[PDB]
Amino acid sequence: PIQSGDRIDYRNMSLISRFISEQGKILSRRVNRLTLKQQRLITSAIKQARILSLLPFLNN
Amino acid sequence: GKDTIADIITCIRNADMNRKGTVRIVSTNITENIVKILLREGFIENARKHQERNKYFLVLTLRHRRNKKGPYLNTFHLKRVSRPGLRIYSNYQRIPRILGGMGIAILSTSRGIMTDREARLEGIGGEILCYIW
Amino acid sequence: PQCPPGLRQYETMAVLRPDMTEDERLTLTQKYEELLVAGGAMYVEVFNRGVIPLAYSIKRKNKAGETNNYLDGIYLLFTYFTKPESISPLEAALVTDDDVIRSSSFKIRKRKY
Amino acid sequence: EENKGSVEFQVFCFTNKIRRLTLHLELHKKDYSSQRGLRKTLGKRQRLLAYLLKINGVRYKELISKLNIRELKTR
RNA sequence: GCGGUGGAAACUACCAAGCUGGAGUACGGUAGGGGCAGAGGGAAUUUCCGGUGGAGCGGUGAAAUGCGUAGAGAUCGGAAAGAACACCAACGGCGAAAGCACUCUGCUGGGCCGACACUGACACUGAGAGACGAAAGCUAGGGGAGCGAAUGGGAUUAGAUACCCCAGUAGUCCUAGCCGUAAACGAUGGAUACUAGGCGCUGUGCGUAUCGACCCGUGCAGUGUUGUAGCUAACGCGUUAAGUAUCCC
Ligand SMILES: [Mg+2]
Ligand SMILES: [Mg+2]
Ligand SMILES: [Mg+2]
Ligand SMILES: [Mg+2]
Ligand SMILES: [Mg+2]
Ligand SMILES: [Mg+2]
Ligand SMILES: [Mg+2]
Ligand SMILES: [Mg+2]
Ligand SMILES: [Mg+2]
Ligand SMILES: [Mg+2]
Ligand SMILES: [Mg+2]
Ligand SMILES: [Mg+2]
Ligand SMILES: [Mg+2]
Ligand SMILES: [Mg+2]
Ligand SMILES: [Mg+2]
Ligand SMILES: [Mg+2]
Ligand SMILES: [Mg+2]
Ligand SMILES: [Mg+2]
Ligand SMILES: [Mg+2]
Ligand SMILES: [Mg+2]
Ligand SMILES: [Mg+2]
Ligand SMILES: [Mg+2]
Ligand SMILES: [Mg+2]
Ligand SMILES: [Mg+2]
């Protein structure tokens with residue numbers, strides 16, 4: 001069903017914001033129905049983006 | 001595979017206790033001779049050889065289940081004796097005999113492998129490989 | 001196509017203050033391109049996306065002592081091939097500048113999922 | 001290229017990876033994870049040498065004089 | 001039993017040459033909180049400097065010590081410092097074990113898989129010996145927010161050298177060492193072989209599915225839960241044995 005066909009990075013914000021919560025929390029693998037490999041790569045990505053202020057830790 | 005003989009023996013004992021007629025074993029002068037002898041005593045149905053990638057396999061057919069698998073009166077026992085740790089030898093007058101002679105004792109002697117029967121006929125002692133019930 | 005001969009592939013993002021002109025920006029560009037090429041970079045490929053509002057407010061102190069509180073930012077993107085040895089100074093050399101508010105560099109691995 | 005499985009080539013590859021590891025073990029002294037590996041690989045090389053001493057005396061002495069390997073501990 | 005002599009040559013031993021399936025090497029892949037070092041990050045907390053405001057805050061089973069009109073707490077704006085890394089996180093990952101998780105880069109240890117590319121038994125274990133080895137502890141120099149032995153006050157109680165509360169020093173942190181002990185636990189030494197399945201996961205490989213993500217079936221390598229044979233004093237263990245055997249400690 002849902003899948004990643006495009007290279008996932010910290011700069012594809014559309015992608016990463018799918019897998020982020022309203023509060024900017026990272027959603028679990030069981031929810032996102034991703035292979036473990038994927039999920040890890042997402043996670044690190046999100047953190048990197050978070051540091052570069054592409055996505056917020058907390059909200060306004 | 002520190003001991004090859006013991007291992008063959010074991011593969012039999014195991015396949016036997018699990019009610020399978022068919023066993024794969026790895027062949028060798030020793031293995032082959034022992035199995036030959038096992039056949040001429042009649043503890044085992046049939047033997048044959050196979051080859052692949054320069055490996056030899058003797059497959060052994062085994063005596064069928066005793067009038068079902070659940071009700072077994074008899075199993076087929078095997079026991080290693082002379083083993084790498086302690087090698088047991090015997091002269092002619094100590095040659096073992098198993099359960100009054102119901103079972104058999106395998107001997108490696110100067111004239112090759114045999115049972116205790118042969119050893120008694122020819123008057124020879126030697127290294128005792130294993131016992132069989 | 002990209003083909004490094006005994007080099008490592010890299011990406012680097014830099015975040016700069018929004019109060020900058022295009023000449024000061026291109027001067028920074030020029031400068032860092034030169035540090036890379038002076039460090040043994042074959043293929044310096046630079047790309048720019050400027051002026052986006054940040055996720056959050058960041059603070060940068062200057063050499064003039066200014067406390068600068070930002071909202072927007074200038075993102076510079078660098079694909080380049082440098083020896084693993086030479087990536088060392090670049091990062092601090094980016095930290096040290098007052099114009100570069102947030103720097104980060106990543107090694108790039110081939111994706112296989 | 002030559003024999004990549006030959007005793008002498010292997011012992012070389014080992015001696016070389018060890019003297020290489022030596023620099024890292026000098027710069028970062030707190031890395032025990034790496035040292036444990038060093039000790040392992042040195043063990044391997046030492047084994048091969050003992051083996052080779054058993055099999056061929058000449059090739060052995062030639063080798064440990066060639067690769068500057070310290071003389072054996074059987075003396 | 002010892003000694004001499006004449007024979008046998010299977011097995012152990014010896015001698016000469018061979019062989020890969022055991023053990024390795026190269027080659028190409030790929031996952032990873034392995035380790036050491038160097039950069040960078042944000043919440044939260046504490047204190048300090050201000051503006052507002054103006055009687056209680058804080059705490060407990062209920063209280064009191066305590067903090068507060070010398071303006072506390074609350075709230076907004078500043079700085080500064082240390083320590084720990086929310087979500088991801090999972091009956092998931094790597095590690096010899098101890099343990100390892102914000103991010104990143106660099107130096108490096110292993111693992112596993114597929115191919116004959118190669119060597120050809122180079123194996124397994126290990127008395128002594130060596131290295132690593134939670135936390136507390138110690139020596140020397142730094143560092144000191146929070147927590148907190150000791151200690152002090154407040155209670156509770158016949159008593160309370162305790163539990164609870166209010167404070168709070170060593171220590172916790174870093175560098176360089178020493179110490180070598182833990183329910184250091186799977187309470188399960190290591191290697192090899194061999195003996196039903198069912199349901200799962202992690203890594204890869206193959207065939208299929210499309211010609212790129214699944215998908216399926218499978219081959220390995222590890223990891224988890226039920227359970228047959230067999231084992232056990234029972235509980236239970238059950239291809240990751242506590243089963244059937246061999247070797248060393
Ligand atoms: Mg005798
Ligand atoms: Mg005599
Ligand atoms: Mg012979
Ligand atoms: Mg030989
Ligand atoms: Mg901050
Ligand atoms: Mg206040
Ligand atoms: Mg593991
Ligand atoms: Mg590595
Ligand atoms: Mg040869
Ligand atoms: Mg010991
Ligand atoms: Mg020590
Ligand atoms: Mg400690
Ligand atoms: Mg003391
Ligand atoms: Mg306290
Ligand atoms: Mg008291
Ligand atoms: Mg306190
Ligand atoms: Mg220390
Ligand atoms: Mg003890
Ligand atoms: Mg114990
Ligand atoms: Mg599926
Ligand atoms: Mg397995
Ligand atoms: Mg269990
Ligand atoms: Mg079970
Ligand atoms: Mg037991």
# chains A, B, ... in the order shown; residues from 1 in each chain; ligands from 1
>>> residues_around(residues="residue 29 of chain D", least_positions_apart="4", cutoff="12 Å", atoms="only C-alpha atoms (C1' of nucleotides)", output="PDB file with C-alpha atoms (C1' of nucleotides), in the first residue's frame")
ATOM      1  CA  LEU D  21      46.596  -0.742  13.916  1.00  0.00           C
ATOM      2  CA  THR D  22      49.555   0.224  16.095  1.00  0.00           C
ATOM      3  CA  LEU D  23      49.232   3.938  15.202  1.00  0.00           C
ATOM      4  CA  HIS D  24      45.523   4.044  16.093  1.00  0.00           C
ATOM      5  CA  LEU D  25      46.259   2.216  19.375  1.00  0.00           C
ATOM      6  CA  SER D  33      37.306  -2.560  21.667  1.00  0.00           C
ATOM      7  CA  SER D  34      39.950  -2.159  19.008  1.00  0.00           C
ATOM      8  CA  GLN D  35      42.820  -3.459  21.086  1.00  0.00           C
TER       9      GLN D  35
ATOM     10  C1'   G E  35      34.599   1.743  20.786  1.00  0.00           C
ATOM     11  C1'   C E  36      37.805   6.200  21.160  1.00  0.00           C
ATOM     12  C1'   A E  37      38.218  11.267  19.752  1.00  0.00           C
ATOM     13  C1'   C E 107      40.158   6.901  13.360  1.00  0.00           C
ATOM     14  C1'   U E 108      38.991   1.916  14.108  1.00  0.00           C
TER      15        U E 108
END
>>> residues_near_ligand(ligand="ligand 16", cutoff="10 Å", atoms="only C-alpha atoms (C1' of nucleotides) and all ligand atoms", output="list in words")
residues 46, 146, 147, 148, 167 and 168 of chain E
>>> interface_residues(of="chain A", to="chain E", cutoff="7 Å", atoms="only C-alpha atoms (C1' of nucleotides)", output="compact mmCIF listing (two decimals) with N, CA, C and O atoms, in the first residue's frame")
# COMPACT_ATOMS: atom_id res chain seq x y z
N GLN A 3 4.12 3.57 0.50
CA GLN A 3 5.50 3.16 0.27
C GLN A 3 6.39 4.38 0.08
O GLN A 3 5.90 5.48 -0.17
N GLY A 5 9.00 5.61 -2.54
CA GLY A 5 9.65 5.42 -3.83
C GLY A 5 10.73 6.45 -4.10
O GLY A 5 11.61 6.24 -4.94
N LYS A 25 5.71 15.31 17.50
CA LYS A 25 6.27 14.07 18.00
C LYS A 25 6.42 13.09 16.84
O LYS A 25 5.68 13.15 15.86
N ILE A 26 7.40 12.21 16.95
CA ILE A 26 7.61 11.17 15.95
C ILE A 26 6.69 9.99 16.22
O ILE A 26 6.65 9.46 17.33
N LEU A 27 5.96 9.58 15.19
CA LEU A 27 5.01 8.49 15.33
C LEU A 27 5.72 7.14 15.23
O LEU A 27 6.70 7.00 14.50
N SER A 28 5.22 6.15 15.96
CA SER A 28 5.88 4.85 16.05
C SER A 28 5.74 4.01 14.78
O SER A 28 4.86 4.24 13.95
N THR A 43 13.54 8.52 11.46
CA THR A 43 13.77 9.09 12.77
C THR A 43 14.98 10.02 12.77
O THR A 43 14.87 11.21 13.11
N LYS A 47 15.22 14.18 13.32
CA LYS A 47 16.04 14.86 14.30
C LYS A 47 16.97 15.88 13.63
O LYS A 47 17.13 17.01 14.12
N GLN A 48 17.56 15.50 12.50
CA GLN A 48 18.46 16.40 11.78
C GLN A 48 17.73 17.66 11.30
O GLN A 48 18.24 18.77 11.45
N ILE A 51 17.08 19.99 14.13
CA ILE A 51 18.25 20.82 14.47
C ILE A 51 18.43 22.00 13.51
O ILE A 51 18.81 23.11 13.93
>>> residues_around(residues="residue 33 of chain A", least_positions_apart="6", cutoff="10 Å", atoms="only C-alpha atoms (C1' of nucleotides)", output="list in words")
residues 1, 2, 3 and 39 of chain A
>>> residues_near_ligand(ligand="ligand 21", cutoff="12 Å", atoms="only C-alpha atoms (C1' of nucleotides) and all ligand atoms", output="PDB file with N, CA and C atoms (P, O5', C5', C4', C3', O3' and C1' of nucleotides), in the first residue's frame")
ATOM      1  P     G E 219      14.535 -23.635   3.204  1.00  0.00           P
ATOM      2  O5'   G E 219      16.076 -23.840   2.844  1.00  0.00           O
ATOM      3  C5'   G E 219      16.556 -23.631   1.519  1.00  0.00           C
ATOM      4  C4'   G E 219      17.931 -23.002   1.511  1.00  0.00           C
ATOM      5  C3'   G E 219      18.514 -22.646   2.874  1.00  0.00           C
ATOM      6  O3'   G E 219      19.059 -23.755   3.577  1.00  0.00           O
ATOM      7  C1'   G E 219      18.755 -20.800   1.436  1.00  0.00           C
ATOM      8  P     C E 220      19.140 -23.748   5.189  1.00  0.00           P
ATOM      9  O5'   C E 220      20.693 -23.540   5.477  1.00  0.00           O
ATOM     10  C5'   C E 220      21.134 -22.682   6.514  1.00  0.00           C
ATOM     11  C4'   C E 220      21.968 -21.541   5.980  1.00  0.00           C
ATOM     12  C3'   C E 220      22.371 -20.495   7.008  1.00  0.00           C
ATOM     13  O3'   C E 220      23.508 -20.882   7.759  1.00  0.00           O
ATOM     14  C1'   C E 220      21.449 -19.409   5.131  1.00  0.00           C
ATOM     15  P     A E 221      23.326 -21.471   9.243  1.00  0.00           P
ATOM     16  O5'   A E 221      23.543 -20.196  10.173  1.00  0.00           O
ATOM     17  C5'   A E 221      24.717 -19.408  10.056  1.00  0.00           C
ATOM     18  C4'   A E 221      24.476 -17.985  10.485  1.00  0.00           C
ATOM     19  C3'   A E 221      23.669 -17.791  11.756  1.00  0.00           C
ATOM     20  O3'   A E 221      24.412 -18.025  12.945  1.00  0.00           O
ATOM     21  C1'   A E 221      22.879 -16.318  10.108  1.00  0.00           C
ATOM     22  P     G E 222      23.809 -18.949  14.121  1.00  0.00           P
ATOM     23  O5'   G E 222      22.997 -17.934  15.040  1.00  0.00           O
ATOM     24  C5'   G E 222      23.654 -16.861  15.693  1.00  0.00           C
ATOM     25  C4'   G E 222      22.780 -15.634  15.762  1.00  0.00           C
ATOM     26  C3'   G E 222      21.657 -15.651  16.792  1.00  0.00           C
ATOM     27  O3'   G E 222      22.127 -15.319  18.094  1.00  0.00           O
ATOM     28  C1'   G E 222      20.893 -14.729  14.713  1.00  0.00           C
ATOM     29  P     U E 223      21.403 -15.869  19.422  1.00  0.00           P
ATOM     30  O5'   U E 223      19.975 -15.170  19.404  1.00  0.00           O
ATOM     31  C5'   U E 223      19.863 -13.774  19.617  1.00  0.00           C
ATOM     32  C4'   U E 223      18.481 -13.269  19.298  1.00  0.00           C
ATOM     33  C3'   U E 223      17.341 -13.898  20.074  1.00  0.00           C
ATOM     34  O3'   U E 223      17.211 -13.365  21.376  1.00  0.00           O
ATOM     35  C1'   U E 223      16.744 -13.692  17.789  1.00  0.00           C
ATOM     36  P     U E 239      13.878 -26.270  20.503  1.00  0.00           P
ATOM     37  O5'   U E 239      15.140 -26.272  19.536  1.00  0.00           O
ATOM     38  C5'   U E 239      16.372 -25.697  19.955  1.00  0.00           C
ATOM     39  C4'   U E 239      17.436 -25.850  18.901  1.00  0.00           C
ATOM     40  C3'   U E 239      17.165 -25.118  17.590  1.00  0.00           C
ATOM     41  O3'   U E 239      18.407 -24.735  17.004  1.00  0.00           O
ATOM     42  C1'   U E 239      17.268 -27.435  17.182  1.00  0.00           C
ATOM     43  P     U E 240      18.782 -23.180  16.864  1.00  0.00           P
ATOM     44  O5'   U E 240      19.133 -22.737  18.354  1.00  0.00           O
ATOM     45  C5'   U E 240      20.446 -22.906  18.879  1.00  0.00           C
ATOM     46  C4'   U E 240      20.543 -22.420  20.303  1.00  0.00           C
ATOM     47  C3'   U E 240      19.629 -23.144  21.290  1.00  0.00           C
ATOM     48  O3'   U E 240      20.239 -23.184  22.589  1.00  0.00           O
ATOM     49  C1'   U E 240      19.085 -20.857  21.266  1.00  0.00           C
TER      50        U E 240
END
>>> interface_residues(of="chain C", to="chain A", cutoff="7 Å", atoms="only C-alpha atoms", output="list in words")
residues 54, 55, 56, 102 and 111 of chain C
>>> write_last_selection(atoms="C-alpha atoms", output="compact mmCIF listing (two decimals), in the first residue's frame")
# COMPACT_ATOMS: atom_id res chain seq x y z
CA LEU C 54 12.57 29.03 10.70
CA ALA C 55 10.81 26.43 12.80
CA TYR C 56 12.07 28.37 15.76
CA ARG C 102 23.45 27.34 11.98
CA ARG C 111 20.06 4.61 -0.32
>>> select_by_dssp(residues="chain D", states="alpha helix (DSSP H)", output="ChimeraX atom specification")
/D:7-27,32-55,57-66
>>> interface_residues(of="chain E", to="chain D", cutoff="10 Å", atoms="only C-alpha atoms (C1' of nucleotides)", output="number ranges by chain")
E: 24-26, 34-37, 95-96, 107-110, 117-120, 122, 131-132
>>> write_last_selection(atoms="C-alpha atoms (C1' of nucleotides)", output="PDB file, in the first residue's frame")
ATOM      1  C1'   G E  24      41.326 -19.176   7.572  1.00  0.00           C
ATOM      2  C1'   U E  25      42.843 -15.240   3.284  1.00  0.00           C
ATOM      3  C1'   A E  26      41.493 -12.094  -0.750  1.00  0.00           C
ATOM      4  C1'   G E  34      30.199  -1.652  18.830  1.00  0.00           C
ATOM      5  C1'   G E  35      34.599   1.743  20.786  1.00  0.00           C
ATOM      6  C1'   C E  36      37.805   6.200  21.160  1.00  0.00           C
ATOM      7  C1'   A E  37      38.218  11.267  19.752  1.00  0.00           C
ATOM      8  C1'   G E  95      28.664  -5.926  21.861  1.00  0.00           C
ATOM      9  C1'   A E  96      33.179 -11.060  24.840  1.00  0.00           C
ATOM     10  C1'   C E 107      40.158   6.901  13.360  1.00  0.00           C
ATOM     11  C1'   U E 108      38.991   1.916  14.108  1.00  0.00           C
ATOM     12  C1'   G E 109      37.062  -3.526  16.172  1.00  0.00           C
ATOM     13  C1'   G E 110      34.223  -7.319  14.997  1.00  0.00           C
ATOM     14  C1'   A E 117      39.523 -16.834  -6.158  1.00  0.00           C
ATOM     15  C1'   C E 118      43.164 -18.984  -2.947  1.00  0.00           C
ATOM     16  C1'   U E 119      46.015 -22.046   1.328  1.00  0.00           C
ATOM     17  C1'   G E 120      45.294 -27.077   2.737  1.00  0.00           C
ATOM     18  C1'   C E 122      46.515 -24.305   9.826  1.00  0.00           C
ATOM     19  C1'   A E 131      43.708  -7.773  29.143  1.00  0.00           C
ATOM     20  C1'   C E 132      38.899  -5.784  30.049  1.00  0.00           C
TER      21        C E 132
END
>>> interface_residues(of="chain C", to="chain E", cutoff="10 Å", atoms="only C-alpha atoms (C1' of nucleotides)", output="list in words")
residues 84, 85, 86, 87, 88, 89, 91, 92, 95, 102, 103, 104, 105, 106, 107, 112 and 113 of chain C
>>> residues_near_ligand(ligand="ligand 23", cutoff="7 Å", atoms="only C-alpha atoms (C1' of nucleotides) and all ligand atoms", output="ChimeraX atom specification")
/E:226-227,238
>>> residues_around(residues="residue 41 of chain C", least_positions_apart="6", cutoff="8 Å", atoms="only C-alpha atoms (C1' of nucleotides)", output="list in words")
residues 80, 81, 82 and 83 of chain C
>>> write_last_selection(atoms="C-alpha atoms", output="compact mmCIF listing (two decimals), in the first residue's frame")
# COMPACT_ATOMS: atom_id res chain seq x y z
CA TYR C 80 31.23 18.26 -2.79
CA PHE C 81 33.91 15.59 -2.72
CA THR C 82 36.59 16.04 -0.17
CA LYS C 83 39.09 13.82 1.56
>>> atom_distance(atom1="atom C1' of residue 194 of chain E", atom2="atom CA of residue 11 of chain B")
5.4 Å
>>> interface_residues(of="chain E", to="chain B", cutoff="10 Å", atoms="only C-alpha atoms (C1' of nucleotides)", output="PyMOL selection string")
chain E and resi 8-12+19-22+123-124+191-196+229-230+243-247
>>> atom_distance(atom1="atom CA of residue 76 of chain C", atom2="atom CA of residue 12 of chain A")
15.5 Å
>>> residues_around(residues="residue 96 of chain B", least_positions_apart="3", cutoff="12 Å", atoms="only C-alpha atoms (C1' of nucleotides)", output="VMD selection string")
chain B and resid 81 88 to 93 99 to 101 103 to 107 115 to 117 119 to 120 125 to 132
>>> atom_distance(atom1="atom CA of residue 16 of chain C", atom2="atom CA of residue 15 of chain A")
24.9 Å
>>> residues_near_ligand(ligand="ligand 15", cutoff="12 Å", atoms="only C-alpha atoms (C1' of nucleotides) and all ligand atoms", output="PDB file with N, CA and C atoms (P, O5', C5', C4', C3', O3' and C1' of nucleotides), in the first residue's frame")
ATOM      1  P     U E  65       5.792  26.849  61.540  1.00  0.00           P
ATOM      2  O5'   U E  65       7.291  26.339  61.336  1.00  0.00           O
ATOM      3  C5'   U E  65       8.113  26.046  62.459  1.00  0.00           C
ATOM      4  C4'   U E  65       9.286  25.165  62.102  1.00  0.00           C
ATOM      5  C3'   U E  65      10.265  25.718  61.082  1.00  0.00           C
ATOM      6  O3'   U E  65      11.168  26.659  61.630  1.00  0.00           O
ATOM      7  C1'   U E  65       9.772  23.484  60.544  1.00  0.00           C
ATOM      8  P     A E 150      21.715   8.831  56.376  1.00  0.00           P
ATOM      9  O5'   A E 150      22.956   9.575  57.036  1.00  0.00           O
ATOM     10  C5'   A E 150      24.168   8.872  57.257  1.00  0.00           C
ATOM     11  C4'   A E 150      25.369   9.780  57.374  1.00  0.00           C
ATOM     12  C3'   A E 150      25.305  10.840  58.445  1.00  0.00           C
ATOM     13  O3'   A E 150      25.455  10.314  59.742  1.00  0.00           O
ATOM     14  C1'   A E 150      26.223  11.777  56.495  1.00  0.00           C
ATOM     15  P     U E 151      24.278  10.554  60.795  1.00  0.00           P
ATOM     16  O5'   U E 151      24.204  12.145  60.879  1.00  0.00           O
ATOM     17  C5'   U E 151      25.351  12.893  61.266  1.00  0.00           C
ATOM     18  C4'   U E 151      25.200  14.376  61.021  1.00  0.00           C
ATOM     19  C3'   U E 151      23.968  15.049  61.601  1.00  0.00           C
ATOM     20  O3'   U E 151      24.044  15.269  63.001  1.00  0.00           O
ATOM     21  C1'   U E 151      24.325  15.819  59.402  1.00  0.00           C
ATOM     22  P     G E 152      22.715  15.196  63.907  1.00  0.00           P
ATOM     23  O5'   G E 152      21.935  16.535  63.544  1.00  0.00           O
ATOM     24  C5'   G E 152      22.515  17.790  63.846  1.00  0.00           C
ATOM     25  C4'   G E 152      21.700  18.933  63.308  1.00  0.00           C
ATOM     26  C3'   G E 152      20.223  18.943  63.666  1.00  0.00           C
ATOM     27  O3'   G E 152      19.964  19.410  64.983  1.00  0.00           O
ATOM     28  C1'   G E 152      20.491  19.443  61.373  1.00  0.00           C
ATOM     29  P     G E 153      18.742  18.798  65.838  1.00  0.00           P
ATOM     30  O5'   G E 153      17.446  19.513  65.241  1.00  0.00           O
ATOM     31  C5'   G E 153      17.184  20.881  65.516  1.00  0.00           C
ATOM     32  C4'   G E 153      16.290  21.526  64.478  1.00  0.00           C
ATOM     33  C3'   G E 153      14.831  21.094  64.462  1.00  0.00           C
ATOM     34  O3'   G E 153      14.051  21.666  65.506  1.00  0.00           O
ATOM     35  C1'   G E 153      15.646  21.125  62.251  1.00  0.00           C
ATOM     36  P     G E 154      13.064  20.744  66.388  1.00  0.00           P
ATOM     37  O5'   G E 154      11.786  20.549  65.454  1.00  0.00           O
ATOM     38  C5'   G E 154      11.150  21.680  64.877  1.00  0.00           C
ATOM     39  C4'   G E 154      10.231  21.319  63.735  1.00  0.00           C
ATOM     40  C3'   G E 154       9.130  20.318  64.032  1.00  0.00           C
ATOM     41  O3'   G E 154       8.050  20.866  64.769  1.00  0.00           O
ATOM     42  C1'   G E 154      10.121  19.799  61.949  1.00  0.00           C
ATOM     43  P     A E 155       7.568  20.165  66.136  1.00  0.00           P
ATOM     44  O5'   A E 155       6.228  19.392  65.733  1.00  0.00           O
ATOM     45  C5'   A E 155       6.091  17.982  65.881  1.00  0.00           C
ATOM     46  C4'   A E 155       5.710  17.344  64.566  1.00  0.00           C
ATOM     47  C3'   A E 155       5.055  15.967  64.624  1.00  0.00           C
ATOM     48  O3'   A E 155       3.652  16.040  64.855  1.00  0.00           O
ATOM     49  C1'   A E 155       6.776  15.986  62.971  1.00  0.00           C
ATOM     50  P     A E 160      11.482  10.025  70.587  1.00  0.00           P
ATOM     51  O5'   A E 160      11.900   9.317  69.228  1.00  0.00           O
ATOM     52  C5'   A E 160      13.084   8.532  69.146  1.00  0.00           C
ATOM     53  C4'   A E 160      13.272   7.985  67.755  1.00  0.00           C
ATOM     54  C3'   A E 160      12.627   8.835  66.655  1.00  0.00           C
ATOM     55  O3'   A E 160      13.430   8.766  65.476  1.00  0.00           O
ATOM     56  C1'   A E 160      11.789   6.653  66.538  1.00  0.00           C
ATOM     57  P     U E 161      14.144  10.082  64.888  1.00  0.00           P
ATOM     58  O5'   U E 161      15.652   9.938  65.396  1.00  0.00           O
ATOM     59  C5'   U E 161      16.202   8.660  65.711  1.00  0.00           C
ATOM     60  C4'   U E 161      17.633   8.542  65.249  1.00  0.00           C
ATOM     61  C3'   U E 161      17.947   7.300  64.406  1.00  0.00           C
ATOM     62  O3'   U E 161      18.882   7.616  63.367  1.00  0.00           O
ATOM     63  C1'   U E 161      19.315   7.325  66.345  1.00  0.00           C
ATOM     64  P     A E 162      18.524   7.242  61.843  1.00  0.00           P
ATOM     65  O5'   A E 162      16.934   7.160  61.881  1.00  0.00           O
ATOM     66  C5'   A E 162      16.140   7.589  60.788  1.00  0.00           C
ATOM     67  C4'   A E 162      15.302   6.451  60.268  1.00  0.00           C
ATOM     68  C3'   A E 162      14.165   6.823  59.335  1.00  0.00           C
ATOM     69  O3'   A E 162      14.617   6.998  58.009  1.00  0.00           O
ATOM     70  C1'   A E 162      13.444   5.196  60.926  1.00  0.00           C
ATOM     71  P     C E 165       8.632  13.399  51.716  1.00  0.00           P
ATOM     72  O5'   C E 165       8.612  14.820  52.420  1.00  0.00           O
ATOM     73  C5'   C E 165       7.439  15.607  52.415  1.00  0.00           C
ATOM     74  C4'   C E 165       7.563  16.726  53.405  1.00  0.00           C
ATOM     75  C3'   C E 165       8.763  17.626  53.217  1.00  0.00           C
ATOM     76  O3'   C E 165       8.513  18.602  52.226  1.00  0.00           O
ATOM     77  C1'   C E 165       8.483  17.087  55.520  1.00  0.00           C
ATOM     78  P     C E 166       9.691  19.107  51.268  1.00  0.00           P
ATOM     79  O5'   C E 166      10.495  20.121  52.187  1.00  0.00           O
ATOM     80  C5'   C E 166       9.817  21.165  52.867  1.00  0.00           C
ATOM     81  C4'   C E 166      10.770  21.946  53.726  1.00  0.00           C
ATOM     82  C3'   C E 166      12.170  22.057  53.165  1.00  0.00           C
ATOM     83  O3'   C E 166      12.260  23.090  52.204  1.00  0.00           O
ATOM     84  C1'   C E 166      12.268  21.472  55.459  1.00  0.00           C
ATOM     85  P     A E 167      13.360  23.016  51.044  1.00  0.00           P
ATOM     86  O5'   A E 167      14.501  23.994  51.570  1.00  0.00           O
ATOM     87  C5'   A E 167      15.865  23.635  51.469  1.00  0.00           C
ATOM     88  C4'   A E 167      16.576  23.773  52.788  1.00  0.00           C
ATOM     89  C3'   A E 167      18.050  23.419  52.758  1.00  0.00           C
ATOM     90  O3'   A E 167      18.859  24.461  52.237  1.00  0.00           O
ATOM     91  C1'   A E 167      17.033  22.318  54.579  1.00  0.00           C
TER      92        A E 167
END
>>> residues_near_ligand(ligand="ligand 17", cutoff="12 Å", atoms="only C-alpha atoms (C1' of nucleotides) and all ligand atoms", output="ChimeraX atom specification")
/D:30 /E:138-140,174-179
>>> residues_around(residues="segment 68-73 of chain C", least_positions_apart="5", cutoff="12 Å", atoms="only C-alpha atoms (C1' of nucleotides)", output="compact mmCIF listing (two decimals) with C-alpha atoms, in the first residue's frame")
# COMPACT_ATOMS: atom_id res chain seq x y z
CA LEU A 52 18.26 22.77 11.21
CA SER A 53 14.96 24.34 12.24
CA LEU A 54 13.14 22.87 9.25
CA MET C 13 23.64 22.89 4.81
CA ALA C 14 24.36 26.36 6.11
CA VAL C 15 21.91 28.82 7.63
CA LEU C 16 22.72 32.51 7.35
CA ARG C 17 21.15 35.71 8.69
CA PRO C 18 18.28 37.20 6.54
CA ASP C 19 19.75 40.73 6.72
CA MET C 20 22.32 39.85 4.05
CA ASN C 48 21.01 28.15 -2.93
CA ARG C 49 17.58 28.42 -1.32
CA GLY C 50 17.27 31.66 0.65
CA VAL C 51 14.76 33.28 3.04
CA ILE C 52 12.53 30.76 4.76
CA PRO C 53 10.90 31.29 8.14
CA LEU C 54 12.57 29.03 10.70
CA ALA C 55 10.81 26.43 12.80
CA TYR C 56 12.07 28.37 15.76
CA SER C 57 13.93 31.52 16.82
CA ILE C 58 17.69 31.11 16.99
CA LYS C 59 20.25 33.42 18.62
CA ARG C 60 23.70 34.37 17.34
CA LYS C 61 26.26 36.54 19.11
CA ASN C 62 28.57 38.57 16.88
CA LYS C 63 32.23 39.61 17.13
CA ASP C 98 29.14 35.61 12.41
CA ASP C 99 27.09 35.37 9.23
CA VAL C 100 26.65 31.61 9.56
CA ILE C 101 24.08 31.08 12.28
CA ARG C 102 23.45 27.34 11.98
CA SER C 103 25.69 24.90 10.16
